[PDB]
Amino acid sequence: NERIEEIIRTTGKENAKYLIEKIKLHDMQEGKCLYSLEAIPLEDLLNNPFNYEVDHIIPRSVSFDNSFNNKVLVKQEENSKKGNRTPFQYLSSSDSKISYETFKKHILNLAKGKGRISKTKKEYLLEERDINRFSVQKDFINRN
């Protein structure tokens, strides 16, 4: 909160109005794009915010989750390449820049070790079932 507050003061309330959600996700992710594990410098996010998008971890078609637990800040190209897949389906592909094993190790440390992310977000990111299956979509609807 203090780091976000310092960012708002230096950036100005006008620029803080439109990018506060991306700034919060950037702070939550320690400046990292979660799908590529590449650095997102704060100055580039503030100057070129359109190069970074808010991806929904599990597609809302299946998840019905528009909360912060289902949102991550990623590079524009990573959001494009992922499509309507889970991170597991995307990172196991040939379209990803990092392995799912590297991704999983980072996510587990981000949740258990650093506590930066919620338990709900961690389970979204490490979802390894086929979200296109009848049974899996049923489980997502029934968890509500």
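Start at 1 with the first residue shown and count on from there.
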State which stretch shows the higher mean Cα B factor in the entry: 37 to 45 or 84 to 92.
37 to 45
Using the B-factors recorded in the PDB entry, average over the C-alpha atoms of 116 to 124 and of 5 to 13, then report which stretch comes out higher.
5 to 13
Among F64, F68, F103, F50, which residue carries the highest C-alpha B-factor recorded in the PDB entry?
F50
Quick one: classify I23 as lowest, middle or highest third of the chain based on its Cα B-factor.
middle
Place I107 in the lowest, middle or highest third of its chain's C-alpha B-factors, as listed in the PDB entry.
middle
